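K.L.:
As you go down the protein sequences, you meet chains F and G in turn. Just remember that the deposited numbering sits 423 ahead of the position in the first sequence, which is counted from 1. The deposited numbering puts the second sequence at residues 52 to 66, 82 to 95, 118 to 135. Pasting in a structure now, in structure tokens, and then I'll have a few things to ask.
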Amino acid sequence: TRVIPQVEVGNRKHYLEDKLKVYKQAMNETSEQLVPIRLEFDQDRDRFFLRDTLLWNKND
Amino acid sequence: XXXXXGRXXXXXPXXXXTXXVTXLXXXXXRXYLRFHXXXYXXXXXXX
């Protein structure tokens, strides 16, 4: 018999958010300003190498 | 053969409503907080 808070899925913990903030943002939204984000890291620089592109809402 | 006056028209193949269209040109025809820095044991501990 135990009390287990949760079981990790993919070696991660579940994400728990604030619902009041969710409704506050959702009920006062007007626009969807989108930023194009580009990530580029070499190895003969900072140690890891990684490249990716992404879109991010600035009014978030 | 089909070339007309210097124009090279040779390379061409030679062999509801029902509108009729002209051929050859189509058109209609995580982390949860720990106790410190959460504002207790910073106003407390009568021991």
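The C-beta atom is built at its ideal place from N, Cα and C for all residues, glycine as well.
#1: Tell me, which residues are paired with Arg474/F by DSSP?
#2: Any idea what DSSP makes of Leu121/G, helix, strand or coil?
#3: Which residue or residues does DSSP assign as beta-bridge partners of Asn451/F?
#4: Helix, strand or coil for residue 392/F? Go by DSSP, reduced to three states.
#5: Residues bridged to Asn480/F by DSSP?
#6: How many Å lie between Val430/F and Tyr120/G at the Cα?
#7: Take every Cβ of the segment 453–463 of chain F, pair it with every Cβ of the segment 435–445 of chain F, and state whether three or more of those distances are shorter than 8 Å.
P.N.:
Looking at the atomic coordinates:
#1: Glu463/F.
#2: Coil.
#3: For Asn451/F, which the question treats as bridged, DSSP gives no partner whatsoever.
#4: What is shown of chain F runs 424 to 483, which leaves residue 392/F out entirely.
#5: According to DSSP, residue pairing for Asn480/F in a beta bridge involves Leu457/F.
#6: Roughly 16 Å between the two C-alpha positions.
#7: Below 8 Å, too few C-beta pairs join the segment 453–463 of chain F and the segment 435–445 of chain F to call them touching: fewer than three.
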